[PDB]
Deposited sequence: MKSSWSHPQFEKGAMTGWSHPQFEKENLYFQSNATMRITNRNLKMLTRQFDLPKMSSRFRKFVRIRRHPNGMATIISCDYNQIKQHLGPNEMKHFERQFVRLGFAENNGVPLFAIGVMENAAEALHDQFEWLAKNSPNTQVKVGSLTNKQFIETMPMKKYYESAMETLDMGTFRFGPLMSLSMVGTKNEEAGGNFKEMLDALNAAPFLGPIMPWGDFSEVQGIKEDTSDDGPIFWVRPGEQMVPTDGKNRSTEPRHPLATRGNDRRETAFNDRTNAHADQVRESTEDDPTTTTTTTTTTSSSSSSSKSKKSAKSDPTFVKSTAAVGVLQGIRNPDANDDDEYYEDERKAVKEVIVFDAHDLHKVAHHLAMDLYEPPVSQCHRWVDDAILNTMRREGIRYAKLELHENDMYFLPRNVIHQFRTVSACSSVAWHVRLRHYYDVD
């Protein structure tokens, strides 16, 4: 009731100014739109675990397409939403980390160090997976992150799985909503979670950036799986803490953080954004949202949303760009 009332309130406020894509009354009740209390950017989400209990397979495909079309809605070239989240949508997706360990075990992967930024270790995928399993305990594992592995360069089975998953088909780089380029991905990686290491902190973080085709801004889409050694969904772990900035504030945010958007993402921003900075940025009228993403969630980031991710529990990500 309250969720629907708040979603309807926000839809009414947006429609007073902007022409939004349409959605049936029956589907609208599955959509959650809210503004972040402190930052005031707008988050759109849904819960696949709830949807799948009410909609048949053809109806769900219709919902998923309308949801993605609404979540990428723009006015005057500017996304209205700062992030879209499909909660639980990857629940039925096969275990991707295990798939790579069993089906591509000898692939040489690059692994970061928990203690030295300048160290990169090469080893077979299978040995990385065994190392992560061996050190996994209470939501983190005591081993380095896996550097991103392109799935597009056998991996067909992983791309087919994503292609068939909820929401994703139309917004794959080759999907119906795409204007198309292997630079788009998908890419796969694994993060072990922030943790103290024997003690010093391992910070598990991606600085603020805008995603780009390299230069044109682009949308990004991601899939999160918790790391598990082979269950109440409402208690599933938070895996990322996310800060997204309203796309309308791209230039204000970049100027405040002294970002060089010509740099590649990794070197666009040299300042970590924390609540002190967010509160100072708010005084300039910048809007943002801060939220957690949980295991088995999918998400997407419209173009020109500057965003910053922190890994708070061990997870795998599969992510790509889509030129809508």
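J.: Can you list the gaps, in order, where the deposited sequence has no modelled residues?
T.: Several regions go unmodelled: 1 to 32, 186 to 193, 221 to 226, 245 to 266, 283 to 318, 335 to 341, 436 to 442.
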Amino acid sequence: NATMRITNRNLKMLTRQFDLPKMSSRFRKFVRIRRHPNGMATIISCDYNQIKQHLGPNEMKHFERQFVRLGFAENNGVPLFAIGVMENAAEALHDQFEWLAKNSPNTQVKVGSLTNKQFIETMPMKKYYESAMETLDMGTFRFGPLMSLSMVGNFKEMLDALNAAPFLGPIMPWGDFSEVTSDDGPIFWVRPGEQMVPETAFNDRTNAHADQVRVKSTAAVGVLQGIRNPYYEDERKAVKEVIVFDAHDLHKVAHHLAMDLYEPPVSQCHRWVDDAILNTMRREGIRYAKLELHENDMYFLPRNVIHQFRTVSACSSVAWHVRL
From here on, numbers count along this sequence of modelled residues.
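J.: Hey, which bit's got the bigger mean C-alpha B factor in the entry, 291 to 299 or 260 to 268?
T.: The entry gives the higher C-alpha B-factor average to 260 to 268.
J.: Quick check: 171 to 179 versus 133 to 141, which has the larger average CA B-factor in the record?
T.: Looking at the record's C-alpha B-factors, the answer is 171 to 179.
J.: Can you pull the Cα B-factors for 316, 25, 313, 10 from the entry and say which is highest?
T.: When the deposited C-alpha B-factors of 316, 25, 313, 10 are compared, 25 is largest.
J.: Among 201, 73, 190, 89, where is the Cα B factor highest in this entry?
T.: Comparing C-alpha B-factors across 201, 73, 190, 89, the top value belongs to 201.
J.: By its CA B factor, does residue 186 count among the lowest, middle or highest third of the modelled residues in the chain?
T.: Middle third of the chain for residue 186's C-alpha B-factor.
J.: Using the B-factors in the PDB entry, rank residue 121's C-alpha atom against the chain and give the third, lowest, middle or highest.
T.: Residue 121: CA B-factor falls in the highest third of its chain.
J.: Quick check for you: using the entry's CA B-factors within this chain, is residue 56 in the lowest, middle or highest third?
T.: Top third by C-alpha B-factor.
J.: Split into thirds by Cα B-factor across the chain's modelled residues, where does residue 245 land: lowest, middle or highest?
T.: It falls in the bottom third of the chain.
J.: Please place residue 84 in the lowest, middle or highest third of its chain according to the CA B-factor in the PDB entry.
T.: Ranked within chain, residue 84 CA B lands in the lowest tercile.
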